[PDB]
Each structure stands twice: as structure tokens, then as C-alpha cells.
Amino acid sequence: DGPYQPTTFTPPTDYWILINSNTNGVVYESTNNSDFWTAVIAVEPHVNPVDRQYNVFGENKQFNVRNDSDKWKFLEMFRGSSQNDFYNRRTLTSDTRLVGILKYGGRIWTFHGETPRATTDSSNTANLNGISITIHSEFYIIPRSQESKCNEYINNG
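When you read off a place in the sequence shown, starting at 1, and then add 2, the result is the number in the authors' numbering.
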């Protein structure tokens, strides 16, 4: 199901959005503008610590990023309110360059840790239905029931 072109939309619940990251910089921005902000930054293999400027949620933010590994690093930058600083809540370390997000059961699910054993983690929100996403790369959509397939793709391509 896809690829779909980069766009902004409100994901329906119960579908994995699988994003084929094709450059460094911002992969997706997701917010409900109340208690949930996540931006994922892609950091290429083998770069020293650098202060890079990223356009996240309509603001230029300076993030210190680094990657000493042969894999891409997809940093989840999270804040729980509009006036809080972003922090690197989770990282996905990946040779596949695939990033996943799911709305299900009052929660946002993503993949974190290091391929080929990246696993799902959940963030709670009081407004799941209000979460929309701006996706910067081509993406695919997999039904939650096919998560076994989604895990496979995240971890093996």
C-alpha cells in the first residue's frame, strides 16, 4: 500500500505508517498541539558531533547530533507541552532507513533500538484523534494486524 508522497494528514487508528527515509534532516513531525510533540531527525552514518539547524513545528531548532556507527540514527525529539524543551526520548539505529508510527489504543507506537531487533514502544496522549503528521519522505501503510510484516520491514527492509 504505497508509496504515498510526502504530505501532512491525520493518520487513522490501526495502520502502521512506514516511512522510507531518503535523506538526513527531519523525517516526520507529529503533534496534537496539546500534550504530544515528536519530530524524528535522521543522522547519516559516520558524522562527528555537529550543531545542525532543523525546521520543527514551524521553529528553527539547533540540535547537537552525532553518529559513530555504520547505521542511520533516527532521533525521536519529544516535548509534552509547547513551552518545554525538546529532548531525545528514543533512538532507532537502522541500516534499513525505515521509520514506523501507529495510532492505537490511546497511544502512539514507534520502533526504537537497533535493527535487526528494533522493538515497539508506546507514548500516552489525552488527545490521540487530534494527532496529525507531516511526513517528509515517501511512505507505506500496513494494517496493525500485519504488524509481523511491519516488524520485518523495519528490521530487514
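All C-beta atoms, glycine included, are put in the ideal place defined by N, C-alpha and C.
Opening and closing residue of the alpha helix (DSSP H) in which residue i lies
| i | result |
| --- | --- |
| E46 | First-last for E46: undefined, no H or E at that position. |
| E140 | Looking at the DSSP string, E140 is not in any alpha helix (DSSP H), and its letter there is neither H nor E. |
| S147 | Looking at the DSSP string, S147 is not in any alpha helix (DSSP H), and its letter there is neither H nor E. |
Straight-line Cα distance separating residue j from residue i
| i | j | result |
| --- | --- | --- |
| residue 212 | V67 | The chain is shown from 3 up to 159; residue 212 falls before or after that span and cannot be answered. |
| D37 | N126 | 9 Å |
| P13 | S134 | 6 Å |
| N57 | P145 | 30 Å |
| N34 | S124 | 16 Å |
Assigned secondary structure, residue i (DSSP; H/G/I helix, E/B strand, else coil)
| i | result |
| --- | --- |
| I133 | coil |
| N34 | coil |
| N86 | coil |
Identity of the residue in the options nearest residue i by Cα
| i | options | result |
| --- | --- | --- |
| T122 | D97, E154, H48, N129 | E154 |
| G115 | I144, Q85, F76 | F76 |
| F88 | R99, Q64, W74, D72 | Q64 |
| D70 | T25, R119, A120, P51 | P51 |
| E149 | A128, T112, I137 | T112 |
| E46 | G27, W39, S32 | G27 |
| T10 | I137, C152, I156 | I137 |
| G132 | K105, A41, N158 | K105 |
| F80 | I43, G159, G107, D53 | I43 |
Residue range of the unbroken beta strand (DSSP E) whose run includes residue i
| i | result |
| --- | --- |
| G102 | 100-106 |
| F11 | 9-11 |
| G115 | 109-116 |
| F59 | Taken as a continuous stretch (DSSP letters only), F59 belongs to no beta strand (DSSP E), as it is neither H nor E. |
| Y17 | 17-22 |
| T25 | Unbroken run through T25: none, as it is neither H nor E. |
| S71 | Looking at the DSSP string, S71 is not in any beta strand (DSSP E), and its letter there is neither H nor E. |
| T127 | Note, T127: premise wrong, no beta strand (DSSP E); not H, not E. |
When you compare the region 12-30 with the region 94-103, are there three or more beta-carbon pairs, one atom per stretch, that lie closer than 8 Å?
yes
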